[PDB]
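A look at the structure
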Amino acid sequence: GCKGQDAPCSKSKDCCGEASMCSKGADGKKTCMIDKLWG
């Protein structure tokens, strides 16, 4: 399927949404950064 927001992923394709993108986190780890208009 596809992860959500702040979810740990490896590829942007993993992040769900219209044009979501997988990026880093804060403690080195990685997380998603969807653009859900709602939440």
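So, here is what we can say about the structure in this document. (Residues numbered from 1 in each chain as written, not as in the entry; some residues may be left out. Heavy atoms only, no water.)

**Section: the environment of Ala-26**
We count it as follows: Starting at the N terminus, helices and strands are each numbered in turn, a helix being any DSSP run of H or I of at least four residues and a strand any DSSP run of E of at least two.
Following the sequence through the fold, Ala-26 ends up in the loop between β1 (22–24) and β2 (30–32). Taking C-alpha positions, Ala-26 is 19 Å from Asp-14, a pair spaced 12 residues apart along the chain.

**A look at the side chain of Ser-20**
Using the following cut-off: Relative accessible area decides the class of each residue, using a 1.4 Å probe on protein chains only: under 20% of the type maximum gives buried, over 50% gives exposed, and in between gives partly exposed. Counted as a polar contact is a pair of N or O atoms within 3.5 Å, where, for protein atoms, one must be capable of donating a hydrogen and the other of accepting one, and residues adjacent in sequence contribute only when both atoms are in side chains. Residue contacts are counted whenever heavy atoms from the two residues lie within 4.5 Å of one another.
Mapping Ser-20 onto the fold places it in the segment before β1. Exposure remark for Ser-20: the relative accessible area of 9% places this residue in the buried category. At a separation of 2.6 Å, a polar atom in the side chain of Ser-20 contacts the main-chain carbonyl oxygen of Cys-15. Reaching out from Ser-20, the side chain makes a polar contact with the backbone oxygen of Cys-16 at a distance of 2.7 Å. Ignoring any residue separated from it by four or fewer positions in sequence, one finds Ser-20 in contact with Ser-12, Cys-15 and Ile-34.

**Examining unusual backbone geometry**
The phi torsion at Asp-6 lies on the positive side, around 70 degrees, for a residue other than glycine. Residue position: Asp-6 is located in the segment before β1. Relative accessible area serves as the criterion here: at 55%, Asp-6 is assigned to the exposed category.

**A few points about the environment of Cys-2**
Among the secondary structure elements, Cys-2 is positioned in the segment before β1. According to the relative accessible area criterion, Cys-2 is partly exposed, its value standing at 36%. Along the chain, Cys-2 and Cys-16 lie 14 residues apart, while their C-alpha atoms are 4.8 Å from each other. Excluding residues within four positions of it along the chain, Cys-2 makes contact with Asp-14, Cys-15 and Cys-16.

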